[PDB]
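Methodologically, a virtual Cβ is constructed for each residue, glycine included, from the backbone with ideal geometry; neighbour enumeration extends over all protein chains shown. Read-outs throughout are calculated quantities, based only on the coordinates presented, and are distinct from any laboratory measurement.
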Amino acid sequence: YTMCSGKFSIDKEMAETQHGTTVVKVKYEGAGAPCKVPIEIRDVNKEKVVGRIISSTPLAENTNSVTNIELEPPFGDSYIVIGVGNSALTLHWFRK
Amino acid sequence: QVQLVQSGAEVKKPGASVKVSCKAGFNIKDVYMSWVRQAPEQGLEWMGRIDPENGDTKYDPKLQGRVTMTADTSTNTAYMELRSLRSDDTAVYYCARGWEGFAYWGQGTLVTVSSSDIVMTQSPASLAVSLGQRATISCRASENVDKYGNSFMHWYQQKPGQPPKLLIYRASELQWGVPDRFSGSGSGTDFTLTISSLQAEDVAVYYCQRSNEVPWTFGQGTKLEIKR
């Protein structure tokens, strides 16, 4: 498969799974499915790529289905970025 | 291609209860299923939303106690039960899906009965502009509508006897297929929808909507018309 070109959207309020992880449920809005979801976590400084993405190689099968992505965010403020470019969705998350 | 099919239009006596079904072509477990009512010639009123994964139901305070929203994740069907019906409740009952705007809607079910709190302010109530000319509709929320660093403000178009159409979501993001001439700006509390060049297709009612925290209140609507 290949990286996904288009935009994404969040389908549900992010939930804490409390094995230490957080799940993000996202929908693919552009074209080129199936494809890989371009996702990365960012620091409080909003530039360096910290943390880790649990779900091994998340896949957007189609434009209707929701991709479930588990991840390990650092305590406090973190920025989750889904997709590429300026229509990259950016989620300011806070871990307690 | 449409993913929501609703039950047939029911006629009920005052004081009765009604149950509307909504069958989805996708897995409702990973989704926010909402119900929206629309009285004849009045605006859109959000009723509530269910998370079918955990059955979590949040309702609108207007209807609180009268509505019961359920979901069967096995049959990917969502339900809505409304009790102690008044002639008042005669409306079209829409079944919808999504968080950053309701991208997916049902055909509607006409129910005919016969024998934190936020204020969303849409301006104007109606307006006429000439073809090809620029048109602007505004929405002002009483509180903040940001969440996760994004403004959860959406815009809908609704032509008569038709379900609404999500146009703009996440304040500025344009839904797939929507013409270039449509645009959304704004932040914090003031947002605006703008049609750079008015086309005859655009004559419709427009609704703005918040979705960051419940209720997912709609604006009162803006009837857009042609001059001359």
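Charged side chains reduced to their Cβ positions (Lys and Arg at +1, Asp and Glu at -1) give the stretch B:104-228 a dipole of some 360 debye around its Cα centre. Between the stretch A:1-73 and the stretch B:179-228, the alpha-carbon centres lie 29 Å apart.
Using the Karplus relation 6.51 cos²θ - 1.76 cosθ + 1.60 with θ = phi - 60°, the per-residue 3J(HN,Hα) values for the stretch B:31-43 come to 8, 9, 8, 10, 10, 9, 10, 9, 5, x, 6, 8, x Hz, with x marking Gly and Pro.
So if a site counts as exposed when it's one of the chymotrypsin sites (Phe, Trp or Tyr not before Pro), its DSSP state isn't H, G, I, E or B, and it has at most 14 other Cβ atoms within 10 Å, what's the longest stretch of chain A without one? Longest run free of exposed loop sites: A:2-74. Only one residue of B:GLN3, B:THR136, B:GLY186 has its Cα farthest out toward the positive end of the dipole of the protein assembly as shown, where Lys and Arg carry +1 and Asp and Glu -1 on Cβ, and that residue is B:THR136. A crude spin-label estimate for the pair A:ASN64 and B:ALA200, with each label 7 Å from Cα along the Cβ direction, gives 3.4 nm. For the protein assembly as shown, the square roots a ≥ b ≥ c of the C-alpha gyration tensor eigenvalues yield an a/c of 1.5 or more together with a/b not exceeding b/c, which makes the shape oblate.
Residues in the stretch B:143-150 carry Karplus couplings, in order, of 10, 6, 10, 8, 7, 6, x, 10 Hz; the curve used is 6.51 cos²θ - 1.76 cosθ + 1.60 with θ = phi - 60°, and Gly or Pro positions show x.
When a/c is below 1.5 the answer is rounded, else prolate if a/b is larger than b/c, else oblate, so apply that to the stretch B:1-117 with a ≥ b ≥ c taken from the square roots of the Cα gyration tensor eigenvalues. Since a/c reaches 1.5 and a/b is larger than b/c, the shape of the stretch B:1-117 is classed as prolate. Residues whose amide H falls under 5 Å from that of B:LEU110, counting only those 5 or more places apart or on a different chain, are B:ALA9, B:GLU10, B:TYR93, with hydrogens built in the peptide plane. Spatially close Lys pairs in chain A, defined by Cα atoms under 17 Å apart and a spacing of eight or more places or different chains, total 7. The mean count of C-beta atoms from other chains within 10 Å of the C-beta of residues in B:29-37, rounded to a whole number, is 3. Each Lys and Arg contributes +1 and each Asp and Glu -1, all at the Cβ; summed about the Cα centre of chain A, the dipole is approximately 80 debye.
For the peptide A:70-78, the mean number of other protein chain Cβ atoms found within 10 angstrom of a residue's Cβ is 0. Farthest toward the positive end of the dipole of the protein assembly as shown, out of B:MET153, B:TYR206, A:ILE80, is the Cα of B:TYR206, where the dipole comes from beta carbon charges about the Cα centre. Each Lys and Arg Cβ is given +1 and each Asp and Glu Cβ -1; about its Cα centre, the protein assembly as shown then shows a dipole of about 540 debye. Each distinct pair of alpha carbons in the stretch B:43-172 adds a 1/r term; the inverse of their mean, the Kirkwood radius, is 17.2 Å.
Answer rounded, prolate or oblate for chain B, using the Cα gyration tensor with square roots of eigenvalues a ≥ b ≥ c: rounded when a/c is under 1.5, else prolate when a/b is larger than b/c, else oblate. Prolate is the answer for chain B, as a/c is 1.5 or above and a/b outweighs b/c. For the stretch B:150-181, chymotrypsin sites (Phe, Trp or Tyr not before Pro) meeting the loop criterion (DSSP other than H, G, I, E, B) and having at most 14 other Cβ atoms within 10 Å: B:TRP176. Couplings 3J(HN,Hα) for the stretch A:71-82, derived from phi with the Karplus relation 6.51 cos²θ - 1.76 cosθ + 1.60 (θ = phi - 60°), are 7, 10, x, x, 4, x, 6, 8, 10, 8, 10, 10 Hz, where x marks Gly and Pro.
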